[PDB]
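K.L.:
Sequence, then the experimental structure. Questions to follow.
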Amino acid sequence: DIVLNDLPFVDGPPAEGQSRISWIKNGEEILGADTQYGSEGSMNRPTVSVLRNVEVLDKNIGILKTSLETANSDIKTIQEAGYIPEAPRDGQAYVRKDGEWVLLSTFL
Amino acid sequence: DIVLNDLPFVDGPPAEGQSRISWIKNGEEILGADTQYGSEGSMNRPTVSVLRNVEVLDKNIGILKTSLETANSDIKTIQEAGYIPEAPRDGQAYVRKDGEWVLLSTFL
Amino acid sequence: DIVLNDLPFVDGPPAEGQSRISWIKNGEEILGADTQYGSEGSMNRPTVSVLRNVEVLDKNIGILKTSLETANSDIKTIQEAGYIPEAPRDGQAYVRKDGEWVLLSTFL
């Protein structure tokens, strides 16, 4: 069975591998980042955690995609296998000739 | 066909089961939460809605995973079924013996 | 193979079709939107980008869903095809009659 990543942040009690998101609180210092690409500061904090979740969802979609591509290829192989369908169910015996079922009695 | 959950929040006119996200507006009071795990306050508001969407995406990925696991098991069953491939198409009749196609004429 | 959309915003160096998310920075003017449904303003900015990503994930899940629905239908068709399983492997020849394998020798 398919193993996916759990979301790293939750708005509620966390399970293994998870942390509880920290929403912006009244009373805490309201801050942003001090570099051009940093993500620190309370104003960014919960949004960063939501993005961490989004990155994991993207990876999980990729895991499903790979498995589905394999399923699609496996299906195509089965479709191309040339498996033979049932013969008539009419109390008569059949043999295989030129991609069809032919009565055994025509040869006896 | 597979039934997934619609995203509960949209940045545009909503359809059934959806609400329009409320971005932070100039003039409104800029607030956070008053408890350690609450998510209230304008500073959190749109981020909370985006997280609601993320939670639904996670569930939808799970629905696809379950369906794909069933597909994978169904494919494995077909692969293990021992279905028989076509016989030669050469104007001759064939019968089945020891997992192969053998000429009927060898028995007559 | 299945073609999905790349996420438009990343917290790191972008690849083709991507932009680097701009987190809220100390020193920049802290602003929201000036209309009831606009998303402008630094306070909304990274959250908007995360939502853009969420919208793309939703679309990608839909692409997988369509492909998986086709796989499921293709599997059902194979299951309903009436393909014939192997005959006994016992050194004897078999012919097909009434949905079963019957010994050729019973007809000779």
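P.N.:
That came in fine, so what should we check first? Residues are numbered from 1 along each chain as shown, chains lettered A, B, ... in the order given.
K.L.:
Could you pull up the residues touching the residue nearest the centre of chain A?
P.N.:
The residue lying closest to the centre of chain A (C-alpha atoms, centre = their mean) is residue A:64, at 2.0 Å. Counting by C-beta atoms under 8 Å, 6 or more residues apart in numbering or on different chains, residue A:64 touches A:2, A:4, B:61, B:64, B:65, B:68, C:64. Bear in mind the C-beta positions are built from the backbone N, C-alpha and C, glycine included.
K.L.:
Distance check, the first one against residue A:23.
P.N.:
Residue A:2 is 32 Å from residue A:23, where distance means C-beta to C-beta, to the nearest Å.
K.L.:
between the two, who's got more neighbours?
P.N.:
Shown here are residue A:2 and residue A:23; by other C-beta atoms under 10 Å in any protein chain shown, residue A:23 has more neighbours (24 against 15).
K.L.:
what sits against that one?
P.N.:
Residue A:23 touches A:46, B:32, B:33, B:37, B:38, B:39, B:41, B:44, B:48, counting by C-beta under 8 Å, 6+ apart.
K.L.:
7 Å instead?
P.N.:
By C-beta atoms under 7 Å, 6 or more residues apart in numbering or on different chains, the residues touching residue A:23 are A:46, B:32, B:33, B:38, B:39, B:44.
K.L.:
repeat for residue A:60
P.N.:
Residue A:60 neighbours (C-beta under 7 Å, 6+ apart): A:4, A:5, B:61.
K.L.:
ok, and the closest residue to it other than its chain neighbours, which helix or strand is that part of?
P.N.:
Leaving out its chain neighbours, the residue that sits closest to residue A:60 by C-beta to C-beta, 6 or more residues apart in numbering or on different chains is residue A:4, at 4.6 Å. Under DSSP states H and E, no helix or strand contains residue A:4.
K.L.:
Compute the number of surrounding residues for residue A:54.
P.N.:
By other C-beta under 10 Å, 25 other residues sit near residue A:54.
K.L.:
measure it to residue A:31 for me?
P.N.:
Taken as C-beta to C-beta, the span from residue A:54 to residue A:31 is 23 Å.
K.L.:
cool, residue A:93 as well?
P.N.:
Distance from residue A:93 to residue A:31, by C-beta to C-beta: 86 Å.
K.L.:
same thing with residue A:8?
P.N.:
Residue A:8 sits 23 Å away from residue A:31, going by C-beta to C-beta.
K.L.:
Grab the nearest non-local neighbour of residue A:29.
P.N.:
Closest residue to residue A:29 apart from its sequence neighbours, by C-beta to C-beta, 6+ apart: residue A:42 at 6.5 Å.
K.L.:
Give the burial count for that neighbour, as a bare number.
P.N.:
18.
K.L.:
which ones are touching it?
P.N.:
By C-beta under 7 Å, 6+ apart, the contact list for residue A:42 reads A:24, A:28, A:29, A:30, A:31.
K.L.:
I appreciate the help and will end here.
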